Structure formats: C-alpha cells, structure tokens
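Report on the structure
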Number of protein chains: 2
Amino acid sequence: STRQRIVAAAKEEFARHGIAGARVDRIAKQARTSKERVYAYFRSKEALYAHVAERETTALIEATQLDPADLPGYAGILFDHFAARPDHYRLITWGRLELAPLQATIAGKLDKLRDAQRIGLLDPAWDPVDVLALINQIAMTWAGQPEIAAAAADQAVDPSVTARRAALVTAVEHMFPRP
Amino acid sequence: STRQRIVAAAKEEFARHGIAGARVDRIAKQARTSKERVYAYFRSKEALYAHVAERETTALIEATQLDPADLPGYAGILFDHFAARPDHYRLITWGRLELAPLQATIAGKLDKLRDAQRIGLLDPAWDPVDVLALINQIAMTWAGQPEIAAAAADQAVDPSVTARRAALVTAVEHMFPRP
C-alpha cells in the first residue's frame, strides 16, 4: 500500500534523525512517493511522527500483555521486542527529548499489580508504581547502555544475545521471585 | 570566570536542544559573552559539546567510586547523582542518539567485579558485564521512564523521592544480596 510505505519509511527516518532532523524529502523519496502525497495523509512532519509513535506504542502494548504472576517472563517479553525493533527504542527516545492513551494501559497495569499483591502473588510491601517502572527499565538495559553494550563485545564470557536475556530474566526473578 | 560561564551555559543549552538544536547565539548570550569569544576556547559547536560531555563524565566517574561489596549502595549513589543533575542525563542521551576514556573506567569496574567474585563477594555465576549494565540501568529508572514517572505523581503511596530511592536500592539488594 501507500500509507504503509510512507509509515515504514517514516519509522526508519525518525529513528535516525528524530523529528527536527527528519526530512519529508527523504521519507517520500524512500516510500516511493511525493511530498504532496505524504501531506495528503498527514498534516505535518509532526503529525506524521505522532501517527508513527501511536502505531508503535499500540504494536508494543499488544505484544506486551502483562502477566503479574510471571514478571521475569514479562521482562523477557520486552527484551525480545526491543531486541527485534532497535529503532522503536530510538524513535520513542527522540520523542521524550524533543517533545517532553499510554497512561491508560499503565493505570491498568498498576491495577493488575495491585491485584497480584491482594491475591498474594507479589510482596505487598512494593509500590506497584516502583515495580512497573523498574521492570520496564531493566528490560531496556542493552538499548539504554550502548557504551557497556560496546564493551560487552568480547568482554562477555558468552557473547550470545540470549545470555543477556538470561541474566536479565534471572535478575527480575531475584527481585520479585515467582510463586 | 569565562570558560566556566560558557560551559555552564552550554550545559543548560545542550540538555534542552541537543547538539544540532543548540545555538551558540543563545549560549554566548546566556554566558554573558560573544560568539567570537566562545570560538576562541572551542573550535566548533561540536567541540564545545565534546568538552562539556567529558567534563560531565569525569564529574560522574568521580562521584561514582564503585563498591563491589555494596552494589545497592552503589545504585543509590547513581540515583542521587541524576536526581541532582536531571540535565546530565538529557545531555548524554542527546549524544547517544546524535553521534552513536569512559571505556577505561568500565574495563576497570568489570575487573573490580571479577575481583569481588573471586573473593566470594558476588555470586560467581553472573557475568560482570551483565552486573554492571543492569545496575546502571535500574539506577536511571526515573530518568529513563518519564511516562510512568508522570503517573507516579499521585499514583504512589509515598510520593517522596526517597521512597523511589528505597525501592531501587531494595531491588538491587534483591538481585545481588550484600555479604
């Protein structure tokens, strides 16, 4: 399709250059279309970003059903997602810095954790707020630490990516031990 | 001084707008000096960034003596630092995305952890590489999760920042339990 082609190309251009840095020129040239066409679907470079972000977020939220009874498995899930889509990570990070719905699913997950605690599945001492934030952080550990990720090169006993995954899942297991 | 004034003003402008987005205009205007003066100390907008980043990194490294025998205390240390300097965080993040010595201190800390393991102070099963990366991640949890940080507003039982700190330190305690 053509909306799709613009979107796919906008994804790759936003991850690279961010919003201010992205060019509709390049995007249309890459999407095999014209500037005028792009602006029929989307009002503005910034409207286009918004659309892409939404689309990305929703993709994520759906890939990311939270299981309160398996938090380390949850972390592996997020790990996998960004292992797969390195540039989703770039693309939202640009947005946090450049700008500074989702809130809904968060409010929902905090309720899901409140529930886990009530049915005795997660230490009642933790604040849900802290549990959610933390697990999200740890999961984007390798996205979020590129400098160490560089050293990880041949400083790691087992370079295998799924070794990174094991550690991470094991770490989350240590924080909130499954019942 | 005048170098200092340029640097202080460059810090605040890089955190805001990043490199491509920062203006030497604004920086000199803010540092109570001129464009020509700025360019006497520094070759280029990008040279100026580099300088500021270095200066920031070194500030950090020094504030961040790693104690392998108190990793959760270590995490509190990093937490504190970025709690204090929100814009150090913005400023290096801009750099990761816009560009993409420190390596030295990392190679050093991985050795420090290798040592901890050998003298029986940190489970020998972990890869140092994973331990270092993880702890760094978790520590910038609230910097790195602004969306949840927003919800944290009055979704937290105890809004107190040092409540965030406790959780984080406790979490790191759960991962690598002190001897």
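Conventions used here
- Residues numbered from 1 in each chain as written, not as in the entry; some residues may be left out.
- Chains lettered and ligands numbered in written order.
- Heavy atoms only, no water.
- Residues with missing side-chain atoms left out of burial classes, pairs and counts.
- Helix = DSSP H or I, 4+ residues; strand = E, 2+ residues; numbered from the N terminus.
- Contact = heavy atoms within 4.5 Å.
- Buried area = accessible area lost by both parts, 1.4 Å probe.
- Salt bridge = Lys/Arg side-chain N within 4 Å of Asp/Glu carboxyl O.
- Polar contact = N/O pair within 3.5 Å; in protein donor to acceptor, adjacent residues only side chain to side chain.
- Axes fitted to C-alpha atoms, helices over the stretch in contact; angles between N-to-C directions.
- Left-handed = near helix turned anticlockwise from the far one by under 90°.
- Least-squares fit on C-alpha atoms.
- Core = buried A, V, L, I, M, F, W, Y, C linked by side-chain atoms within 4.5 Å.
- Buried < 20%, exposed > 50% of the residue type's maximum accessible area, 1.4 Å probe, protein only.
- UniProt positions renumbered as here; feature names shortened; annotations may be inferred.
- Expected span 1.5 Å × (residues − 1).
- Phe/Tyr/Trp six-rings, centres within 6.5 Å; stacked < 30°, edge-to-face > 60°.

The record lists X-ray crystallography as the method behind this PDB entry and 2.80 Å as its resolution.

**Topic: the overall build of chain A**
Looking only at helices and strands, chain A has 11 helices and zero strands in total. Seen in sequence order, chain A has helices and strands lined up from the N terminus as α-α-α-α-α-α-α-α-α-α-α. Dimensions of chain A along its principal axes, counting C-alpha atoms only, are 55 × 40 × 30 Å.

**A word on the interface of chain A and chain B**
In this assembly, 45 residues from chain A lie in contact with 45 residues from chain B. Of the roughly 3900 Å² buried between chain A and chain B on both sides combined, carbon and sulfur atoms contribute 63%. Three residues stand out in chain A for area buried against chain B, namely A:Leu97, A:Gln137 and A:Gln155, and they jointly supply 18% of the buried area on that side. The tally of links between chain A and chain B comes to four salt bridges. As a salt-bridge pair, B:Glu147 and A:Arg96 come within 3.1 Å of each other at their nearest N and O atoms. Where chain A touches chain B, the interface holds 16 residue pairs in polar contact.

**A look at the packing of helix α7 (residues 102–118) of chain A against helix α8 (residues 128–139) of chain A**
Residue and element names in this part refer to chain A. At a closest axis distance of 9 Å, the pairing of α7 and α8 adopts a crossing angle of 115 degrees. For the element pair α7 and α8, the recorded crossing hand is right-handed. Facing α7, whose interface residues are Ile 106, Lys 109, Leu 110, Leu 113, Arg 114 and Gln 117, α8 presents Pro 128, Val 129, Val 131 and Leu 132.

**Some details on the relation of the copies chain A and chain B**
Each copy of the sequence occupies a distinct position, and chain A is placed on chain B by a rotation of 180 degrees and an axial shift of 0.0 Å, giving an RMSD of 0.0 Å. One copy is carried onto the other by what is essentially a two-fold rotation axis. The share of interface residues of chain A whose copies in chain B are also at the interface is 100%, consistent with both copies meeting through the same surface.

**Side note on the nonpolar core**
Membership of the largest hydrophobic core comes to 69 residues, with the highest contact counts inside it found for A:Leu71, A:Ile135, A:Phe176, B:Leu71, B:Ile135 and B:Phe176. Setting aside residues no more than four positions away along its own chain, B:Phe176 makes contact with B:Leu71, B:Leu122, B:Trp126, B:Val131 and B:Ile135.

**A closer look at the pattern of salt bridges**
Opposite charge on two side chains permits pairing when their charged atoms draw close. All names here are of chain A. Following the criterion strictly, the structure yields 18 salt bridges over all chains and no others. Here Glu 12 and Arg 16 are joined by a salt bridge, their closest N and O atoms 3.2 Å apart. Taken as a pair, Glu 12 and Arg 16 lie in helix α1 (residues 3–21) at a separation of four residues, close to a single helical turn. Residue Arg 16 is classed as partly exposed on the basis of its relative accessible area of 45%. With a closest N to O distance of 2.8 Å, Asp 80 and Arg 165 form a salt bridge. The class of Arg 165 is partly exposed, set by a relative accessible area of 26%.

**Describing the side chain of B:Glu13**
Residue and element names in this part refer to chain B. You can see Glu 13 is positioned in helix α1 (residues 3–21). Accessibility expressed as a relative area gives 6% for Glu 13, which makes it buried. Within the structure, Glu 13 has its side chain in polar contact with the backbone nitrogen of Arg 23 (distance 3.0 Å). Reaching out from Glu 13, the side chain makes a polar contact with the side chain of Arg 26 at a distance of 2.6 Å.

**Structural notes on the UniProt feature "DNA-binding region" (unreviewed entry) in chain A**
The residues that UniProt annotates with the feature "DNA-binding region" (unreviewed entry) are residues 23–42 of chain A. As a span, residues 23–42 of chain A carries 70% helix and 0% strand, and end to end its C-alpha atoms are 14 Å apart.

**Digging into the environment of B:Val129**
Relative to the assigned elements, B:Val129 resides in helix α8 (residues 128–139). In this structure the C-alpha to C-alpha distance between B:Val129 and B:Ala107, which are 22 residues apart in sequence, comes to 9.5 Å. Apart from the residues lying within four places of it in its own chain, the contact partners of B:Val129 are A:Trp142, A:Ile148, A:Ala152, A:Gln155, A:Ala156 and B:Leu110.

**Remarks on the environment of A:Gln117**
Locating A:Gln117 in the fold gives a position in helix α7. Setting aside anything within four residues of it in sequence, one finds A:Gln117 in contact with A:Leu122, A:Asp123, A:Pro124, A:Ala125, A:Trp126 and A:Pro128.

**Concerning helix α5 (residues 71–84) of chain B**
All names here are of chain B. If you check α5, its first and last C-alpha atoms are 20 Å apart, about what 14 residues at 1.5 Å a residue would give, namely 20 Å. What α5 keeps buried is the set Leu 71, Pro 72, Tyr 74, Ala 75, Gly 76, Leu 78, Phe 79, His 81 and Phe 82. Packed against the buried residues of α5 are α4 (45–63), α6 (86–98), α7 (102–118), α8, α9 (141–144) and α11 (161–175). Regarding α5, its N-cap is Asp 70, as a side-chain oxygen of that residue lies 2.7 Å from the backbone nitrogen of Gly 73 further along.

**Topic: the packing of aromatic side chains**
Any two aromatic rings considered together are summarised by their centre-to-centre distance and by the angle between their planes. Residue and element names in this part refer to chain A. Considering all chains together, one arrives at eight aromatic pairs over all chains under this definition. Here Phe 14 and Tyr 49 contribute two aromatic rings whose centre-to-centre distance is 5.1 Å and whose plane-to-plane angle is 75 degrees, an arrangement assigned as edge-to-face. One end of the pair, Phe 14, is in helix α1; the other, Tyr 49, is in helix α4 (residues 45–63), with 35 residues separating them in the sequence. Among the residues examined, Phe 14 registers a relative accessible area of 0% and is labelled buried.

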